[PDB]
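Chains as they are written, first to last, in the authors' numbering: chain F, 1 to 9, 11; chain C, 21 to 233; chain D, 20 to 238; chain A, 12 to 239, 284 to 413, 449 to 557. Don't be surprised by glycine CBs; every beta carbon is placed ideally from N, CA and C. Worksheet: the structure to be examined is printed underneath.
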Amino acid sequence: XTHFXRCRXX
Amino acid sequence: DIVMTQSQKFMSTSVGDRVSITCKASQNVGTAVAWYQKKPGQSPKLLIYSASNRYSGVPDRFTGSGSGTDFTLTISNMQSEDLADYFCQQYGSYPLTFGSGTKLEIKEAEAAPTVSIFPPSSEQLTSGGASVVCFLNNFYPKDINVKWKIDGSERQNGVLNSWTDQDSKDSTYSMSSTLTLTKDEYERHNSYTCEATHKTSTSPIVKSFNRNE
Amino acid sequence: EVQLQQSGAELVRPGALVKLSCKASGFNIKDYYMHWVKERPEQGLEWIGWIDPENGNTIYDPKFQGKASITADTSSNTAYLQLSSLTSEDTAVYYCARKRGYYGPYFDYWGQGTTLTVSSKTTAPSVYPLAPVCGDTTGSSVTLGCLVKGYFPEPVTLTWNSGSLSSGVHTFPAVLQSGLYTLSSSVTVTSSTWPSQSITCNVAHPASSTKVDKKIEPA
Amino acid sequence: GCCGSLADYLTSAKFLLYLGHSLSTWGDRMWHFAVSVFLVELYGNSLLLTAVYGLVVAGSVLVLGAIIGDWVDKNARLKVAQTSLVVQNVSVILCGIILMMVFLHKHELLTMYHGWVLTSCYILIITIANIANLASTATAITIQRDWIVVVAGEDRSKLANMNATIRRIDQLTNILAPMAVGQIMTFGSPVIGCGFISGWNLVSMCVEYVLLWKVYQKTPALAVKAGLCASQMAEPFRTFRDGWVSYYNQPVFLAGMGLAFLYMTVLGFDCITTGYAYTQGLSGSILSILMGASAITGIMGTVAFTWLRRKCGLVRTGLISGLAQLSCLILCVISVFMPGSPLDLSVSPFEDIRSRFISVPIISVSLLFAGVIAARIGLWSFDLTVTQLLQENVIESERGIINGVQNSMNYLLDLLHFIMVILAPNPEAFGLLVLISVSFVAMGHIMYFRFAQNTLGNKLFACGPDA
Ligand SMILES: CCCCCCCC/C=C\CCCCCCCC(=O)O[C@@H](COC(=O)CCCCCCCCCCCCCCC)COP(=O)([O-])OCC[N+](C)(C)C
Ligand SMILES: CCCCCCCC/C=C\CCCCCCCC(=O)O[C@@H](COC(=O)CCCCCCCCCCCCCCC)COP(=O)([O-])OCC[N+](C)(C)C
């Protein structure tokens with residue numbers, strides 16, 4: 001659902 | 021469920037002016053109201069939907085308005101091709117309900133009935149059946165009161181009254197009242213009269229036919 | 020060109036089974052909802068229910084929950100309404116209508132309507148013409164009336180003075196009494212020739228295929 | 012069997028619409044990930060910029076979304092679509108150019124003046140990203156709703172298949188694009204990433220323009236359209296109020312209400328959930344496997360929706376999806392009161408009043459993740475059925491305004507969610523948050539239930555026809 005964010009980034 | 025009601029039933033108008041038909045609901049439906057038109061002997065046809073929008077090939081003289089619980093259909097410059105029935109239908113929630121409908125009738129000058137009394141027929145009497153028929157030919161107002169007095173007594177049993185539709189050429193109304201009684205009952209009487217009362221005159225018109233005559 | 024066709028003119032005895040059909044041309048009923056509506060004489064419109072031909076789901080009105088059934092046939096593109104345990108209070112006109120969605124704004128296309136009547140017996144009309152001329156006052160306005168009683172489940176056609184048609188003839192609507200039908204037609208356009216010129220009224224019942232002509236005579 | 016049928020299929024309106032949507036989603040997701048990473052990097056890791064970005068995006072979406080829905084509802088179709096595409100693409104290109112140019116002159120520009128131009132540059136980046144997001148929202152609603160409904164025509168199965176395919180494309184792009192863009196970023200330099208983003212967006216602009224023109228030419232039914284300082288500030292207010300009251304009066308108000316309520320949750324694969332997992336120490340490979348499982352279950356949900364709508368109906372499909380999601384959320388809730396769960400009421404949830412940022451058992455996490463995945467399958471089915479309901483039951487002269495107010499409502503419920511994440515960021519107080527989210531979900535479905543009771547009566551349990 002969340003349109004806006006991930007963060008801490011195989 | 022939502023009960024959808026129209027106050028006016030008969031609306032007497034005149035050619036060329038504007039008319040308004042009101043429809044009121046018992047709940048806050050919102051804007052889910054459609055207006056249909058039906059002519060006698062035919063199927064209803066769509067006129068207005070969602071209380072504001074018109075439907076393709078519809079003359080621009082029809083306008084929808086209102087919201088909440090009150091809605092109004094307005095006709096500007098009525099034309100003879102617009103004397104029919106109009107219904108308001110809601111689709112806010114099931115089950116769907118329709119309005120009662122409204123009549124449209126043109127204007128004419130007031131007139132008075134031409135009463136006539138016909139005695140029972142000899143052939144009907146020979147078959148053991150007595151029928152008395154009174155006919156009011158032409159009169160503009162729809163409302164009229166008919167009283168049948170037999171032997172000086174306004175009997176209220178065995179009387180059937182039928183009213184015709186609006187004449188196209190004359191725009192007048194007609195009515196026919198029939199009283200049915202047995203041969204013995206007809207024989208045991210000597211006075212029979214019919215009295216008609218209308219808004220044309222205060223004094224009712226009374227026509228009588230004695231049994232001896 | 021979208022068209023809906025219904026079979027009509029149904030006359031039934033009380034307590035039976037009736038099936039009515041609505042056939043669509045110009046579109047597929049699989050993409051629409053089919054609704055049925057009833058209209059009783061001198062009464063308002065009433066909603067019966069709807070069907071979805073794609074899967075067969077049917078929604079009804081609690082007033083018709085236990086007496087009406089609705090079915091559909093996609094291959095023949097037809098909808099059917101079935102009524103059971105009919106009573107005299109069921110005589111009406113039935114309409115088949117098309118809807119787009121669950122809350123479609125309007126019924127764009129309707130059917131021609133089907134007349135359903137529930138009766139008990141059949142008979143033939145009886146004509147007892149009567150023109151009162153007893154105690155006449157003015158001969159410039161002559162009104163002669165003919166009454167037809169005891170019609171047998173059918174509409175009759177009355178023509179007063181077919182030889183000399185006049186615009187002064189008015190026929191009252193028929194009424195139902197004791198299971199039969201009665202009507203009366205009166206013509207007052209005779210002017211003064213009525214006491215001399217003979218005028219005959221002819222009444223024809225097509226279901227009984229009976230024609231009776233009676234000439235009015237002075238009393 | 013292969014030479015002709017394939018050529019005929021590849022030259023249809025449906026396939027071209029699919030291709031255009033896929034290209035647009037790919038570009039949008041790549042840009043979004045790049046912006047997130049770059050703003051995290053060039054500025055010190057802090058919640059200030061993230062909070063400002065989220066708040067700006069949400070509020071702009073609400074207000075300008077109502078307005079742009081009204082605008083879309085009153086113009087031609089080709090004009091609006093082309094306009095939206097050009098605006099979004101040009102915004103993205105310029106924003107990326109400015110980003111790279113600052114990445115270049117960073118220290119010199121910082122020393123210039125009193126550092127008052129860094130704030131201006133951040134403001135510019137935020138504004139342009141917001142403009143691009145608004146254009147993307149506008150083009151999404153107009154294309155999907157209007158063009159899909161018109162192209163599908165009268166068939167209802169075709170509409171369902173189109174919606175399912177769109178959802179599958181969205182899921183696959185969402186899974187795939189960030190991984191590829193991160194790989195190309197880490198295998199090179201930021202110059203490679205920014206140049207790639209800009210060039211890809213430009214080429215996509217050209218190709219999508221041509222594809223939209225071709226689709227419009229192919230379908231002739233799209234051309235027709237039924238229904239066709285004080286005042287300068289009063290008119291937007293009048294449009295806003297009219298749109299909201301029109302949305303409130305629709306007979307399908309409760310369904311969209313429930314769908315919007317279904318948007319505030321912490322039970323979704325997201326930065327917060329990943330942070331909690333890292334706090335629990337679940338590695339990265341397991342996280343990738345979990346993302347793959349989530350994508351698989353989303354696809355399964357789309358397939359299930361198609362089958363159920365074919366079999367039972369539309370409303371009952373929503374009921375089934377709601378029941379499934381509720382059961383899976385109950386399974387997830389069971390996990391909180393289990394051994395190995397770091398939850399206690401003694402510590403106050405609020406700890407950063409004015410500062411902010413400016449072994450153990452393993453059953454609990456496993457139960458939580460199983461719950462969220464099965465919730466995902468149910469939620470996707472429910473979203474699809476509500477979308478089809480909204481598409482089917484709205485007058486054409488108002489398909490834009492209603493859908494725009496819907497988007498505004500959805501984003502609102504999102505914003506509140508973000509707020510609580512700010513209020514209780516402690517890893518310990520996570521469990522309590524979970525409860526709240528589940529509660530909200532329940533409410534939504536309850537509300538949807540009422541809608542069903544208003545359109546089916548007492549016949550709420552009959553999938554097949556009467557016998
Ligand atoms: C390192 C990472 C590299 C990633 C590369 C790979 C990227 C992957 C990303 C995105 C691809 C997503 C694929 C989704 C598949 C959905 C299938 C589906 O719904 O079936 C449908 C068929 O549909 C088709 O036949 C295909 C339709 C979509 C074509 C998209 C091509 C995109 C190419 C450009 C990609 C741009 C990005 C390019 C980037 C280089 C069925 O629907 P229907 O036929 O209408 O149903 C009726 C028939 N029936 C009743 C019999 C069922
Ligand atoms: C940071 C977060 C901020 C959030 C802010 C809150 C949310 C903001 C979003 C939206 C709120 C604003 C909506 C538009 C305005 C509504 C009022 C209106 O039009 O009234 C009219 C009458 O109204 C009626 O007669 C109808 C009754 C009201 C229906 C409202 C439906 C709202 C549905 C939504 C359900 C949401 C459920 C949410 C659940 C969580 C006229 O009013 P008025 O007084 O003439 O207006 C002018 C004022 N003046 C006269 C002073 C100049």
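- Taking only runs of the beta strand (DSSP E) that begin and end inside the segment 36–102 of chain A, which ones reach a length of at least 3 residues, in chain order? none
* Buried or exposed: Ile136(A), going by 16 or more other Cβ atoms within 10 Å of its Cβ? -> buried
### Message
Using the three-state DSSP reduction, which class does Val218(A) fall into: helix, strand or coil?
### Response
helix
Item checked: Within the segment 76–134 of chain D, ranges of the beta strand (DSSP E) (whole runs, at least 3 residues) -> 77–79, 87–92, 97–103 and 111–118
On the three-pair Cβ rule with 8 Å, is the segment 172–180 of chain C touching the segment 189–204 of chain C?
-> yes
Shorter than 8 Å, the distance from the beta carbon of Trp37(A) to the closest heavy atom of ligand 1, or not? yes
Delimiting residues of the beta strand (DSSP E) encompassing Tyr193(C): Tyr193 to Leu201
TODO: Could you pull out every unbroken beta strand (DSSP E) segment of at least 3 residues lying fully inside the segment 476–531 of chain A, listed in chain order?
DONE: none
### Query
Is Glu406(A) close to chain D, meaning its C-beta is less than 9 Å from at least one C-beta of that chain?
no
Problem - beta strand (DSSP E) runs contained entirely in the segment 170–238 of chain D, provided each spans 3 or more residues - result: 176–179, 188–190, 194–196, 199–206, 218–224 and 229–235
- Extent of the continuous alpha helix (DSSP H) run through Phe360(A): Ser340 to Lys366
Name the residues in the segment 154–169 of chain A whose C-beta lies less than 8 Å from a C-beta of chain D; which are they?
-> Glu165, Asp166 and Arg167
Quiz item: If we ignore side chains and look at the alpha-carbon of each, how far apart do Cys214(C) and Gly182(D) end up?
Solution: 33 Å
query = Regarding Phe541(A) and ligand 2, is the C-beta to nearest heavy atom distance less than 8 Å?
reply = no
Next on the checklist: Does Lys219(C) pass the burial test, meaning 16 or more other C-beta atoms within 10 Å, or should it be called exposed?
Outcome noted: exposed
Using a 10 Å radius around the Cβ and a threshold of 16 neighbouring Cβ atoms, would you call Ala519(A) buried or exposed?
buried
- Sort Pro517(A), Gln228(A), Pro397(A) and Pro201(A) by Cα distance to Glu406(A) and report the nearest one. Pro517(A)
Subject >> Under 7 Å from the C-beta of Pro124(D): neighbouring residues of chain A >> reply: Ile485
Please find out if some non-hydrogen atom of ligand 1 comes closer than 8 Å to the beta-carbon of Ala175(A). yes
- prompt: If we count Cβ pairs, one from each stretch, closer than 8 Å, do we get three or more for the segment 145–161 of chain D versus the segment 227–238 of chain D?
  reply: yes
Closer than 8 Å: is that where the CB of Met216(A) sits relative to any heavy atom of ligand 1?
no
Exercise for review: State the DSSP-derived secondary structure class of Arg409(A), mapped to helix, strand or coil.
Suggested key: coil
Quiz item: According to DSSP, what are the bridge partners of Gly68(D)?
Solution: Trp55(D) and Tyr79(D)
Worksheet entry | Span separating the alpha-carbon of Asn47(D) from that of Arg38(C) | 41 Å
Q) Is it buried or exposed for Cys217(A), if we count other Cβ within 10 angstroms and need 16 for buried? A) exposed
Got a sec: is the Cβ-Cβ distance from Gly77(C) to anything in chain A below 9 Å?
no
*Test: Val370(A) CB closer than 9 Å to a CB of chain D*: yes
> Which residues, in order along the segment 193–215 of chain C, keep a beta-carbon less than 9 Å from a beta-carbon of chain D?
Replying inline: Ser194, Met195, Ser196, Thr198 and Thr200
Q.
So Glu482(A) contacts chain D; which residues on that side make the cut at Cβ distance below 7 Å?
A. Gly120
**Asked** What residue does the beta strand (DSSP E) around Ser44(D) start on, and which one ends it?
**Response** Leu36 to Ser44
(request) Could you spell out the range, first to last residue, of the beta strand (DSSP E) harbouring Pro224(C)? (result) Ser221 to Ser228
Could one say the Cβ of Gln478(A) lies closer than 9 Å to chain C's Cβ atoms, at least one of them? no
Margin query: Restricting to runs no shorter than 4 residues, where is the alpha helix (DSSP H) found entirely within the segment 134–197 of chain C?
Written below: 142–146
| query | Which residues have a Cβ closer than 6 Å to any heavy atom of ligand 2, listed in chain order? | reply | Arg296(A), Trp299(A), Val300(A) and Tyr303(A)
message = Quick check on this structure: which residue in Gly130(D), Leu36(D), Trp55(D) and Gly120(D) has the alpha carbon closest to the alpha carbon of residue 15(D)?
response = Nothing can be reported for residue 15(D), as the shown portion of chain D is limited to 20 through 238.
(message) Just to confirm, is the Cβ distance from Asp157(A) to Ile491(A) under 9 Å?
(response) no
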